[PDB]
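Residue numbers (the deposited numbering): 12 to 65.
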DNA sequence: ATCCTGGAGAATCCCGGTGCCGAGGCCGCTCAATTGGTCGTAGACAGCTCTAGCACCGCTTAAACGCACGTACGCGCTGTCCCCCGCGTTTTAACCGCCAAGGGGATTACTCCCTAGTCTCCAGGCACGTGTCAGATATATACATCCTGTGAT
């Protein structure tokens with residue numbers, strides 16, 4: 012049994028990834044969401060967040 | 001009428017202290033993320049067809065290009081006038097803090113029933129084919145609108 016590990020850490024991100032994946036698959040955006048979509052998106056939201064805050 | 005200091009008079013910035021309540025860090029806990037395995041089908045891939053988008057040619061001709069004339073428009077200048085602005089005094093009700101009441105939003109537990117998912121069967125709707133009528137084209141005639149002269153007022 013591997014230890015549970017936050018994806019944000021894995022991706023080197025501060026924004027949550029599992030949650031983004033979760034949001035993407037529902038809200039009825041699509042029947043299915045690919046593994047790399049949540050990750051790509053989390054990076055984008057984080058990037059923009061940084062620009063405004065900076 | 002317009003430029004140049006120099007002062008007076010507010011208004012706005014900076015300085016230092018009060019004090020408060022909103023941010024920031026800590027603890028419990030709970031339920032949403034993670035893991036791990038199974039199933040099946042959406043998407044990747046290769047192959048093939050053949051539509052339709054590119055390139056080229058020559059001819060016809062309606063649009064585009066450039067020029068010359070002249071005048072309606074844009075622009076600047078002047079003067080009137082009147083209607084906003086800025087100030088001061090009076091009047092209003094917005095805001096604040098406190099209180100009480102209760103209406104309606106939020107959560108809980110439970111149960112159907114109203115939908116998704118399945119299979120079967122047939123007729124409603126799309127791709128193709130064919131015929132002819134509506135609208136486009138072109139001809140020619142007649143009516144309506146526009147712009148100088150021309151007399152009347």
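Built from N, CA and C at the ideal position, the CB exists for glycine as well.
- Distance from the CA of residue 23 to the CA of residue 14, rounded to the nearest whole angstrom, comes to 18 Å.
- When secondary structure is reduced to three states using DSSP, residue 61 falls in the helix class.
- The beta carbon of residue 31 sits closer than 7 Å to the beta carbons of 49, 52, 53 from its chain, once the five residues preceding and following it are set aside; these are given in chain order.
- By the neighbour-count definition (other C-beta atoms within 10 Å, threshold 16), residue 55 is an exposed residue.
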